[PDB]
């Protein structure tokens, strides 16, 4: 059975919680979903070696989702030398390398492209990929920063992992209505206007049945002020291991 453990559950600036990055365990296969500036410290905190990461999947380009990749890449290069598999949309490959990782990683005789530190495997929007015997993943293009591609994930045909996105209640409802969706992991912006994130006020306007599927992530340091005030939804606990 698939297992999920969040390395962190926090929004980009939270300090009680690490960056919102997920570990999925399918048998011996370990997928890291996003790898922010705190992911190395978070891995250390739960006692997980970078050698145990079989693949990394990148949902969009922001420091709390890609800022730890340089450390992961170098440590694997200097350790066993095994390049982690990197799952990513084609339209994020060039920005991730050319505008994010190249500055620190590149070195004349040594590292020239993403392929020198990762085993790059492109995912196509709405084309499911069997990552491992019990782990199927489908990218869904969703909005976050205008003009920048960002993605959510549909897992094993029944788990929606929102990653970072603005409010899309028809998407949620359609996944539950047409695609068998049973569990939803949704980011939430607890205070302020939802310009590039989904607010708690927005999620509370969802129908009761959709709220019952939702565990909340990517949240700020005031999360404890809201415990018990999220209707039928609840907050993911950082480092807890969930089955499914």
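Positions refer to the first chain, counted from 1.
Here the stretch with the larger average CA B-factor, out of 14-22 and 232-240, is 232-240. Note on 208-216 vs 61-69: mean CA B-factor is higher in 208-216.
Reading the B-factor column for the CA atoms of 86, 101, 110, 163 in the entry, the top value corresponds to 110. Highest CA B-factor among 180, 36, 192, 47, as stated in the entry: 180. Among all modelled residues in its chain, residue 43 ranks in the lowest third by Cα B-factor. Annotation for residue 75: C-alpha temperature factor in the lowest third relative to the rest of the modelled chain, per the entry. Among the modelled residues of its chain, residue 53 has a C-alpha B-factor that falls in the lowest third, as given in the PDB entry.
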